[PDB]
Amino acid sequence: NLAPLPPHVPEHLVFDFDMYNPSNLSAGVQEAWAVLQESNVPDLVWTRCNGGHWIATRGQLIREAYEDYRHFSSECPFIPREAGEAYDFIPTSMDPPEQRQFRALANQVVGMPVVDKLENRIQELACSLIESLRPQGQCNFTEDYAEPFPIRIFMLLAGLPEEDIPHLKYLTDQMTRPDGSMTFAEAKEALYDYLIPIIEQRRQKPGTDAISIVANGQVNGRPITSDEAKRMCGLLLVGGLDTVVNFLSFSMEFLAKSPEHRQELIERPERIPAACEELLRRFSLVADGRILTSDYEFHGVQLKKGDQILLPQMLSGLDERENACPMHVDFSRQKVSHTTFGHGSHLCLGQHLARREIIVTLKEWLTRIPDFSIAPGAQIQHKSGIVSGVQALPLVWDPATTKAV
Ligand code: HEM
Ligand SMILES: c1ccc(-c2cnc[nH]2)cc1
């Protein structure tokens, strides 16, 4: 389903990429997207899928568009338009300087200090889940660890019931990797039907959880409104539920195939941090974009006010002009260039949480289960969308090679 090419688009800039269903999906998600960086594809292309939009395919362009909020606005950050239109998440749907007050608050809830505080639970939960897995010789990493780990830590943080996971997780999946079962607005509304009664309660009777801190916070000297709180909380949910979850599966899938990488980390633990950056570069997974605020000429292409452009954060680090041998995971790269957690004013506030969770998972898993692989005859499937994922990850191992700690 291709939308008719608008007038201002040179037919030579057409490249019909479906961000919801790239062509080389079988090969892997990052590999499927990276077709945008072949010699045949211009730096800035137009796809007729998902109703027509620009895509910047290079690190240099993505970074620039990101920095440039004057021209490229977050007002409508999602493709398709209706999805970007229906989204009113804060601070994500706002530009500086408005953005800034809301961000400062969100930072209170997720920043460094909170991670430092939660660190012992993070470690506790990872050890406990792993130890629980170990003797079995087999899981579903996606369901058995990558889902529970990051999620139970978020629920804890936000003061929400474990019982709500199944429910929330579905709604969140609908937003980043729309199924067709429900539109974006419906998905947004139901998540919202959820939070509303909750924020009500925490404005009345405050706790120490994130929702309470958000719901009772100050923004530009006055108190945040219920609607504003609803809107920040929405973002927190998706970030909390949907990101690290998918990140871990790509990473683990990689580790399950690369014994030598496992070993390197086992013998030279001082490398964990450096490896974490490299996996963040290679298994980058977020693709969103911006809306043009006017007619503007970018890198020789004429953009019309109201044109949406996808600025795949995933693509910067997979670019050869930024990283030599981009598809190759190398723990000792002198410089790991990426924009995994974004660029410009919208840099991810929850990056600290995310890294802490990755490093723990690697350090702890490898410790107990140093030798593992993918189940013989399992075919791993990735999924594409705003945030990409792994469908299932069946792992197998000999319990006899594990070590209980
Ligand atoms: C490994 C996982 C993660 C990745 C790759 C990721 C990536 C991103 C990206 C690319 C952006 C900017 C989007 C834009 O510019 O449109 C962003 C923003 C955001 N992220 Fe993350 N994120 C992750 C995890 C998290 C977590 C765990 C949280 C906290 C619950 C979170 C909270 C946020 C917030 C609050 C913003 C908005 C910042 C602003 O608008 O000022 N993220 N993230
Ligand atoms: C949709 C909404 C939120 C996000 C996100 C921000 N940080 C992590 N995930 C990604 C897509």
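Every number for a ligand or one of its atoms is a count from 1 in the order of the listing. Position 1 is the first residue of the sequence, and the numbers go up from there. As a basis for the values below, the full set of heavy atoms in this structure was taken, side chains included, without hydrogen atoms, waters or symmetry mates.
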Throw together a table of side-chain donor-acceptor distances under 3.5 angstrom for residues 1-15, partners on residues two or more places apart or in other chains.
residue	atom	partner	partner atom	Å
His8	NE2	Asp307	OD1	3.3
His8	NE2	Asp307	OD2	3.0

If the cut-off is 4.0 Å to any non-hydrogen atom of [X], which atoms of ligand 2 fall inside it?
| X | answer |
| --- | --- |
| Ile386 | 11 (C) |
| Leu235 | 2 (C), 3 (C) |
| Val387 | 10 (C), 11 (C) |
| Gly239 | 8 (C), 9 (N) |

| field | Candidate with minimal heavy-atom separation from atom 14 (C) of ligand 1, of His352, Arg290, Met314 | value |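 Closest candidate by heavy-atom distance is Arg290.
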May I ask you to identify, for [X], whether its side chain, its backbone, both or neither come under 4.0 Å of ligand 1 on a heavy-atom basis?
| X | value |
| --- | --- |
| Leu235 | side chain |
| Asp288 | side chain |
| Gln313 | side chain |

Looking at [X] and [Y], does any basic side-chain N land under 4.0 Å from a carboxylate oxygen?
| X | Y | value |
| --- | --- | --- |
| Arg281 | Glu322 | no |
| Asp88 | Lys230 | no |
| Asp295 | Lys304 | no |
| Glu277 | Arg355 | yes |
| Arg231 | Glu228 | no |
| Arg282 | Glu253 | no |

| field | Protein-derived N, O or S atoms lying under 2.8 Å from atom 21 (Fe) of ligand 1, waters excluded | value | 1
Which atoms of ligand 1 are found less than 4.0 Å from any heavy atom of [X]?
| X | answer |
| --- | --- |
| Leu236 | 30 (C) |
| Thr340 | 5 (C), 7 (C), 10 (C) |
| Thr92 | 37 (C), 40 (O) |

Distance-only donor-acceptor hits, side chain of residues 72-81, under 3.5 Å, sequence neighbours excluded:
residue	atom	partner	partner atom	Å
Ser73	OG	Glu75	N	3.1
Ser73	OG	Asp95	OD2	2.6
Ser74	OG	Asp95	OD1	3.2
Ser74	OG	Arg290	NE	3.3
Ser74	OG	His346	NE2	3.3
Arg81	NH1	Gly306	O	3.1
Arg81	NH2	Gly306	O	2.9

| query | Are any of the N/O atoms in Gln99 less than 3.5 Å from those in ligand 1? | reply |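 Yes; the residue has a nitrogen or oxygen that sits under 3.5 Å from a nitrogen or oxygen of the ligand.
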| Quick check: does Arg103 get an N/O under 3.5 Å from an N/O on ligand 1? | yes
| Would you say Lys383 has more than 12 foreign heavy atoms packed within less than 6.0 Å of its NZ? |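 Open.
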| field | CE/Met327: more than 12 non-hydrogen atoms of other groups inside 6.0 Å | value | yes
| request: Mind jotting down which residue pairs meet the salt bridge (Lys or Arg N to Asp or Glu O under 4.0 Å) criterion with at least one end in residues 112-125? Sequence neighbours excluded, please. | output: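 Counting only pairs at least two positions apart or across chains, the salt bridge (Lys or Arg N to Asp or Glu O under 4.0 Å) contacts touching residues 112-125 are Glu119-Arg356, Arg121-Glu124.
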Among all protein heavy atoms, pick the one closest to [atom] and tell me residue, atom and distance.
| atom | value |
| --- | --- |
| atom 12 (C) of ligand 1 | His346 O, 3.5 Å |
| atom 9 (N) of ligand 2 | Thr243 CG2, 3.1 Å |
| atom 1 (C) of ligand 2 | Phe78 CZ, 3.1 Å |

| task | Please test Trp54 against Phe298 for ring-ring contact (aromatic ring centres under 6.0 Å, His included), starting from the C-alpha separation and ending with a verdict. | result | CA-CA 11 Å; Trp54 301 101; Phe298 187 59; 9.9 Å; no
| query | Measuring from the heavy atoms of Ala106, does anything fall under 4.0 Å of ligand 1? | reply |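 No heavy atom of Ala106 comes that close to ligand 1.
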| When you measure from the side chain of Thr339 to the backbone N and O of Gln313, does any donor-acceptor pair fall under 3.5 Å? |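 Yes.
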| Under 3.5 Å, is there a donor-acceptor pair between the side chain of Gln174 and the main chain of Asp179? |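 Looks like yes, one N/O pair under 3.5 Å.
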